[PDB]
Amino acid sequence: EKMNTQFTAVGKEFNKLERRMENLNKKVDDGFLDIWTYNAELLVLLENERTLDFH
Amino acid sequence: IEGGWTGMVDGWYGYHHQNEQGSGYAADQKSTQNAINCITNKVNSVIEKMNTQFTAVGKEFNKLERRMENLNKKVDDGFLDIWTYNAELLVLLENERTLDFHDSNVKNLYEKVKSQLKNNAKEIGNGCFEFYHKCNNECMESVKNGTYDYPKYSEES
Amino acid sequence: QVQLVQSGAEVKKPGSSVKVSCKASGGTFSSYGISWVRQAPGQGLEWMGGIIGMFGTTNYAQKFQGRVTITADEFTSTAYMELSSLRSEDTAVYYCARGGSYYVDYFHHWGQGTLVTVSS
Amino acid sequence: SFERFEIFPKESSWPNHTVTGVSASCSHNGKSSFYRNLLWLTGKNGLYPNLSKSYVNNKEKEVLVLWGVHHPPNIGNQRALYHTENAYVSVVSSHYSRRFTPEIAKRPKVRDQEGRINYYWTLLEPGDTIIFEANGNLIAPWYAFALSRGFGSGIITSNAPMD
Amino acid sequence: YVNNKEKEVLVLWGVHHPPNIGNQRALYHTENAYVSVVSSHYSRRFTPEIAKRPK
Ligand SMILES: *[C@@H]1O[C@H](CO)[C@@H](O[C@@H]2O[C@H](CO)[C@@H](O[C@@H]3O[C@H](CO)[C@@H](O)[C@H](O)[C@@H]3O)[C@H](O)[C@H]2NC(C)=O)[C@H](O)[C@H]1NC(C)=O
Ligand SMILES: *[C@@H]1O[C@H](CO)[C@@H](O)[C@H](O)[C@H]1NC(C)=O
Ligand SMILES: *[C@@H]1O[C@H](CO)[C@@H](O)[C@H](O)[C@H]1NC(C)=O
């Protein structure tokens, strides 16, 4: 439930003179993927330990 | 331990007695006060980490800058989703520890009484003990606080 | 280190109610007990009542028992007053005190105090 | 989705201008052809009278309009096509306006062509009007794509087979 | 204008685009007109775009 997934992820493209847009846009996409990957693993790894101790 | 109390006040953890000297609930100040310190430090830590000093005024873009609006919109939405997840996860995770934290304290206090309250008192299971020796307030408060006089009493032994 | 700060001095007409707010420097979440005390001009102090930590249990002396109400917003580490039915005898100084523990035991932290007088 | 329609009918829109667009680079079926939505204007009988046509959006949906400006390589093609050394094309609307000029100059060969044609686009709000003005070097619209918005759609780059 | 102050100053100017020649000549008596605004780190030249427009 916490991990929502309803959003738009279609990529964009920029011309040659807008290299700043592409680098800035690329960072935004990469930044979130790194964050979500860390959040997904940390929550799953942390919860597993509690469950094993819970039993 | 099996079932809470309502008459008791001024303490999360407390004892009870039924001696002829007087029946009434009491609180363990040392145990309760220690627990409060962790709660106060725990809640303070959450607030301190969650900084809130920043600029959030929105911007607007013309019709030909649709790329800016979508990119700017994603940045705003992305952070809100992240903070919402982080806020709930930290709060939900901390609550579980606090609930378990109290159980250890009360259970730890119960075991501490057992060590100080040797076999002279019969344990009936439901978070209570039956004494083989008649005790007055002087001895009753001995068990409640950190001083006891076990060698004095050896009745039925 | 912590500091106790109270509101400024105030003067009220007889038969009115006076409210004084006590706050602690860096007033983050706190659970220390609070109380109040009156120091009449040229006379000794006398206890009023206080709060007990998270439990929010209030006790007041039998002298009034209905005229003073104390509630503490623990999140802001603030203690309020709702004294009512002031009279000439009530002209004195009110101080905010803490005991260092959730209970209402002895006090070892004091504020700067507040002087409140009643007259027309 | 679109609602494609003929904004400027060929038969009646341009009775005083040659409308047969010929280009080798845009050949179709191994023969001369040109874009299907645009239109290449040219002066017949040596005359290119000023064309002043406007369109009114009698719809509740935004309409996409396309037009192009010709950039002949040399003077020879410029005079033989519009008979005016100095030409201008103007497109105006309620909330849009700009004036173009033909940039005549030799360019490196691309697709075995010397000149260039620059394309432009704009969106007309419902109940809005657009006025087309020019006296040479114009690629007038022939079709427009009235569009309706829809959530969830997007553009993707893929090559997997359909099914 | 010379900015004899220690604070940045915002300057505004506009260029007229008369609809037809009649209003152009009757207002400035010059068929071809230009307006130029230059500064230490700013410069550009405008021209009037005379043409009929929707009301
Ligand atoms: C834990 O609780 C017990 C019971 O309340 C405390 O026992 C108290 O011990 C003191 C000794 O320092 C007693 O004081 C002495 O009492 C005798 C009685 O005759 C008197 O003659 C002396 O002059 C002196 O006052 C005290 O009476 C006794 N409590 C009771 C109720 O009798 C014990 O001190 C507590 N320990 C801690 C660490 O809290
Ligand atoms: C085309 O030319 C004729 C005369 O040659 C003129 O009457 C007509 O108005 C022109 N077309 C339009 C759309 O006005
Ligand atoms: C086209 O515009 C020019 C520029 O004013 C004008 O001289 C010419 O007469 C116009 N053409 C016609 C057919 O009116």
# chains A, B, ... in the order shown; residues from 1 in each chain; ligands from 1
>>> interface_residues(of="chain D", to="chain A", cutoff="10 Å", atoms="only C-alpha atoms", output="list in words")
residues 151, 152, 153, 154, 155, 156 and 157 of chain D
>>> write_last_selection(atoms="N, CA, C and O atoms", output="PDB file, in the first residue's frame")
ATOM      1  N   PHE D 151      -5.624  11.313 -20.789  1.00  0.00           N
ATOM      2  CA  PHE D 151      -4.630  10.917 -19.804  1.00  0.00           C
ATOM      3  C   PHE D 151      -4.133   9.501 -20.067  1.00  0.00           C
ATOM      4  O   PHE D 151      -4.873   8.635 -20.545  1.00  0.00           O
ATOM      5  N   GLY D 152      -2.858   9.273 -19.750  1.00  0.00           N
ATOM      6  CA  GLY D 152      -2.246   7.968 -19.834  1.00  0.00           C
ATOM      7  C   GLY D 152      -1.504   7.695 -21.127  1.00  0.00           C
ATOM      8  O   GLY D 152      -0.671   6.781 -21.163  1.00  0.00           O
ATOM      9  N   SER D 153      -1.777   8.457 -22.181  1.00  0.00           N
ATOM     10  CA  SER D 153      -1.111   8.231 -23.453  1.00  0.00           C
ATOM     11  C   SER D 153       0.328   8.737 -23.402  1.00  0.00           C
ATOM     12  O   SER D 153       0.686   9.603 -22.598  1.00  0.00           O
ATOM     13  N   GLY D 154       1.157   8.183 -24.278  1.00  0.00           N
ATOM     14  CA  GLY D 154       2.552   8.577 -24.333  1.00  0.00           C
ATOM     15  C   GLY D 154       3.201   8.059 -25.596  1.00  0.00           C
ATOM     16  O   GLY D 154       2.598   7.319 -26.377  1.00  0.00           O
ATOM     17  N   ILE D 155       4.454   8.466 -25.787  1.00  0.00           N
ATOM     18  CA  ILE D 155       5.252   8.085 -26.947  1.00  0.00           C
ATOM     19  C   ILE D 155       6.335   7.119 -26.490  1.00  0.00           C
ATOM     20  O   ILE D 155       6.969   7.328 -25.450  1.00  0.00           O
ATOM     21  N   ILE D 156       6.541   6.061 -27.270  1.00  0.00           N
ATOM     22  CA  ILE D 156       7.489   5.009 -26.937  1.00  0.00           C
ATOM     23  C   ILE D 156       8.314   4.674 -28.171  1.00  0.00           C
ATOM     24  O   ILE D 156       7.836   4.764 -29.305  1.00  0.00           O
ATOM     25  N   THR D 157       9.568   4.295 -27.941  1.00  0.00           N
ATOM     26  CA  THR D 157      10.465   3.822 -28.988  1.00  0.00           C
ATOM     27  C   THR D 157      10.638   2.319 -28.808  1.00  0.00           C
ATOM     28  O   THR D 157      11.247   1.873 -27.831  1.00  0.00           O
TER      29      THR D 157
END
>>> residues_near_ligand(ligand="ligand 3", cutoff="12 Å", atoms="only C-alpha atoms and all ligand atoms", output="PyMOL selection string")
(chain D and resi 16+47-52+84+86-89+133-136) or (chain E and resi 20-22+31+50-51)
>>> write_last_selection(atoms="C-alpha atoms", output="PDB file, in the first residue's frame")
ATOM      1  CA  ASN D  16      -5.219  32.290 -58.602  1.00  0.00           C
ATOM      2  CA  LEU D  47       1.752  36.736 -61.262  1.00  0.00           C
ATOM      3  CA  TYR D  48       1.756  35.929 -57.538  1.00  0.00           C
ATOM      4  CA  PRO D  49      -0.981  38.168 -56.119  1.00  0.00           C
ATOM      5  CA  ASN D  50      -0.939  38.633 -52.365  1.00  0.00           C
ATOM      6  CA  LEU D  51      -2.913  35.905 -50.599  1.00  0.00           C
ATOM      7  CA  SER D  52      -4.823  36.915 -47.453  1.00  0.00           C
ATOM      8  CA  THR D  84       9.433  38.821 -56.226  1.00  0.00           C
ATOM      9  CA  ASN D  86      11.792  40.485 -51.567  1.00  0.00           C
ATOM     10  CA  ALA D  87       8.950  38.429 -50.086  1.00  0.00           C
ATOM     11  CA  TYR D  88       7.387  38.048 -46.648  1.00  0.00           C
ATOM     12  CA  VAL D  89       5.004  35.637 -44.929  1.00  0.00           C
ATOM     13  CA  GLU D 133      -0.710  36.706 -45.076  1.00  0.00           C
ATOM     14  CA  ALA D 134       2.124  36.406 -47.583  1.00  0.00           C
ATOM     15  CA  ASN D 135       3.412  37.526 -50.969  1.00  0.00           C
ATOM     16  CA  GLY D 136       5.806  34.673 -51.739  1.00  0.00           C
TER      17      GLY D 136
ATOM     18  CA  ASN E  20      -2.032  49.145 -41.459  1.00  0.00           C
ATOM     19  CA  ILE E  21       0.052  51.756 -43.248  1.00  0.00           C
ATOM     20  CA  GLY E  22      -2.567  54.434 -42.627  1.00  0.00           C
ATOM     21  CA  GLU E  31       7.013  53.871 -43.318  1.00  0.00           C
ATOM     22  CA  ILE E  50       2.483  45.961 -39.583  1.00  0.00           C
ATOM     23  CA  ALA E  51      -0.295  43.559 -40.595  1.00  0.00           C
TER      24      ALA E  51
END
>>> closest_atom_pairs(of="chain D", to="chain E", cutoff="8 Å", atoms="only C-alpha atoms", output="CSV")
residue,atom,partner,partner_atom,distance
D:90,CA,E:51,CA,7.7
D:92,CA,E:53,CA,6.0
D:93,CA,E:54,CA,6.2
D:94,CA,E:54,CA,6.0
D:98,CA,E:49,CA,7.8
D:99,CA,E:49,CA,7.1
D:129,CA,E:54,CA,6.4
D:130,CA,E:54,CA,7.1
D:131,CA,E:53,CA,6.8
>>> write_last_selection(atoms="C-alpha atoms", output="CSV table (one decimal), in the first residue's frame")
chain,number,residue,atom,x,y,z
D,90,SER,CA,3.0,36.7,-41.9
D,92,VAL,CA,-1.1,36.2,-36.8
D,93,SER,CA,-3.7,35.1,-34.3
D,94,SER,CA,-5.3,36.3,-31.0
D,98,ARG,CA,5.5,36.6,-36.1
D,99,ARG,CA,7.0,37.6,-39.5
D,129,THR,CA,-9.1,33.1,-35.4
D,130,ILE,CA,-5.9,32.9,-37.5
D,131,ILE,CA,-5.0,35.1,-40.4
>>> residues_near_ligand(ligand="ligand 1", cutoff="10 Å", atoms="only C-alpha atoms and all ligand atoms", output="number ranges by chain")
B: 136-149
>>> write_last_selection(atoms="N, CA, C and O atoms", output="tab-separated table (two decimals), in the first residue's frame")
chain	number	residue	atom	x	y	z
B	136	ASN	N	4.57	-5.95	56.94
B	136	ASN	CA	3.93	-4.66	57.12
B	136	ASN	C	4.44	-3.68	56.07
B	136	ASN	O	5.16	-4.05	55.14
B	137	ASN	N	4.08	-2.40	56.22
B	137	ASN	CA	4.51	-1.39	55.26
B	137	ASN	C	6.03	-1.33	55.16
B	137	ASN	O	6.58	-1.13	54.07
B	138	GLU	N	6.73	-1.49	56.28
B	138	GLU	CA	8.18	-1.38	56.27
B	138	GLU	C	8.79	-2.42	55.34
B	138	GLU	O	9.70	-2.11	54.55
B	139	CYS	N	8.31	-3.66	55.41
B	139	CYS	CA	8.80	-4.69	54.51
B	139	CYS	C	8.21	-4.56	53.12
B	139	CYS	O	8.89	-4.85	52.13
B	140	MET	N	6.95	-4.11	53.01
B	140	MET	CA	6.33	-3.98	51.70
B	140	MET	C	7.09	-2.99	50.83
B	140	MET	O	7.37	-3.26	49.65
B	141	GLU	N	7.44	-1.83	51.39
B	141	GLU	CA	8.21	-0.85	50.63
B	141	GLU	C	9.63	-1.32	50.38
B	141	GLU	O	10.28	-0.83	49.44
B	142	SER	N	10.14	-2.26	51.17
B	142	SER	CA	11.46	-2.83	50.90
B	142	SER	C	11.48	-3.52	49.54
B	142	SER	O	12.42	-3.34	48.76
B	143	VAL	N	10.45	-4.31	49.25
B	143	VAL	CA	10.36	-4.95	47.94
B	143	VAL	C	10.15	-3.90	46.86
B	143	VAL	O	10.74	-3.99	45.77
B	144	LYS	N	9.32	-2.89	47.13
B	144	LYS	CA	9.05	-1.88	46.12
B	144	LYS	C	10.31	-1.12	45.74
B	144	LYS	O	10.56	-0.88	44.55
B	145	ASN	N	11.12	-0.73	46.72
B	145	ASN	CA	12.36	-0.03	46.46
B	145	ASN	C	13.52	-1.03	46.42
B	145	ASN	O	13.32	-2.25	46.45
B	146	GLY	N	14.74	-0.51	46.36
B	146	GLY	CA	15.91	-1.32	46.08
B	146	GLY	C	16.59	-1.97	47.27
B	146	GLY	O	17.72	-2.43	47.12
B	147	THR	N	15.94	-2.01	48.43
B	147	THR	CA	16.52	-2.63	49.62
B	147	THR	C	15.57	-3.69	50.15
B	147	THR	O	14.37	-3.42	50.32
B	148	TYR	N	16.10	-4.88	50.43
B	148	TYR	CA	15.31	-5.98	50.97
B	148	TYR	C	16.13	-6.69	52.04
B	148	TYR	O	17.36	-6.58	52.09
B	149	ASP	N	15.42	-7.41	52.91
B	149	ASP	CA	15.99	-8.03	54.10
B	149	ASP	C	15.68	-9.53	54.12
B	149	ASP	O	15.19	-10.07	55.11
>>> interface_residues(of="chain B", to="chain A", cutoff="8 Å", atoms="only C-alpha atoms", output="MDAnalysis selection string")
chainID B and resid 71 75 78 85
>>> interface_residues(of="chain C", to="chain B", cutoff="10 Å", atoms="only C-alpha atoms", output="VMD selection string")
chain C and resid 28 to 32 52 to 57 75 100 to 104
>>> write_last_selection(atoms="C-alpha atoms", output="PDB file, in the first residue's frame")
ATOM      1  CA  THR C  28      10.954  21.055  22.393  1.00  0.00           C
ATOM      2  CA  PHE C  29       8.887  18.090  23.587  1.00  0.00           C
ATOM      3  CA  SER C  30       9.230  17.802  27.364  1.00  0.00           C
ATOM      4  CA  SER C  31       7.640  15.848  30.204  1.00  0.00           C
ATOM      5  CA  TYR C  32       9.036  17.588  33.297  1.00  0.00           C
ATOM      6  CA  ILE C  52       2.379  15.347  36.545  1.00  0.00           C
ATOM      7  CA  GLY C  53       4.233  14.468  33.346  1.00  0.00           C
ATOM      8  CA  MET C  54       2.442  12.755  30.465  1.00  0.00           C
ATOM      9  CA  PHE C  55      -0.414  11.597  32.700  1.00  0.00           C
ATOM     10  CA  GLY C  56      -1.724  15.148  33.065  1.00  0.00           C
ATOM     11  CA  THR C  57      -2.949  14.650  36.636  1.00  0.00           C
ATOM     12  CA  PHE C  75       4.820  19.480  22.905  1.00  0.00           C
ATOM     13  CA  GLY C 100      13.314  17.528  36.952  1.00  0.00           C
ATOM     14  CA  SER C 101      11.040  14.472  36.813  1.00  0.00           C
ATOM     15  CA  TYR C 102       7.544  13.622  35.633  1.00  0.00           C
ATOM     16  CA  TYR C 103       6.313  13.689  39.243  1.00  0.00           C
ATOM     17  CA  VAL C 104       5.577  16.825  41.285  1.00  0.00           C
TER      18      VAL C 104
END
>>> interface_residues(of="chain D", to="chain B", cutoff="12 Å", atoms="only C-alpha atoms", output="list in words")
residues 95, 96, 121, 122, 123, 124 and 125 of chain D
>>> write_last_selection(atoms="N, CA, C and O atoms", output="mmCIF file, in the first residue's frame")
data_model
loop_
_atom_site.group_PDB
_atom_site.id
_atom_site.type_symbol
_atom_site.label_atom_id
_atom_site.label_comp_id
_atom_site.auth_asym_id
_atom_site.auth_seq_id
_atom_site.Cartn_x
_atom_site.Cartn_y
_atom_site.Cartn_z
ATOM 1 N N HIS D 95 -3.378 35.348 -29.895
ATOM 2 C CA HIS D 95 -2.265 35.286 -28.953
ATOM 3 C C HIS D 95 -1.043 34.674 -29.621
ATOM 4 O O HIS D 95 -0.367 33.803 -29.069
ATOM 5 N N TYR D 96 -0.746 35.128 -30.836
ATOM 6 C CA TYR D 96 0.402 34.629 -31.578
ATOM 7 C C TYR D 96 0.616 35.511 -32.798
ATOM 8 O O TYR D 96 -0.351 35.957 -33.419
ATOM 9 N N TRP D 121 4.346 25.469 -36.324
ATOM 10 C CA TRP D 121 3.064 24.985 -35.837
ATOM 11 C C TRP D 121 2.561 25.901 -34.733
ATOM 12 O O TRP D 121 3.331 26.626 -34.099
ATOM 13 N N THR D 122 1.250 25.854 -34.510
ATOM 14 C CA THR D 122 0.618 26.614 -33.441
ATOM 15 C C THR D 122 -0.699 25.943 -33.085
ATOM 16 O O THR D 122 -1.230 25.134 -33.849
ATOM 17 N N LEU D 123 -1.220 26.294 -31.912
ATOM 18 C CA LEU D 123 -2.481 25.765 -31.414
ATOM 19 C C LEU D 123 -3.479 26.903 -31.276
ATOM 20 O O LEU D 123 -3.169 27.936 -30.674
ATOM 21 N N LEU D 124 -4.671 26.711 -31.831
ATOM 22 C CA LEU D 124 -5.737 27.702 -31.776
ATOM 23 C C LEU D 124 -6.722 27.317 -30.680
ATOM 24 O O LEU D 124 -7.241 26.197 -30.673
ATOM 25 N N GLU D 125 -6.975 28.244 -29.762
ATOM 26 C CA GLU D 125 -7.960 28.009 -28.726
ATOM 27 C C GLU D 125 -9.362 28.013 -29.331
ATOM 28 O O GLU D 125 -9.582 28.582 -30.402
#
>>> residues_around(residues="residue 112 of chain D", least_positions_apart="5", cutoff="12 Å", atoms="only C-alpha atoms", output="list in words")
residues 23, 24, 25, 26 and 107 of chain D
>>> residues_around(residues="residue 21 of chain C", least_positions_apart="3", cutoff="12 Å", atoms="only C-alpha atoms", output="PyMOL selection string")
chain C and resi 4-10+18+24+34-36+70-73+76-83+94-96+111+113-114
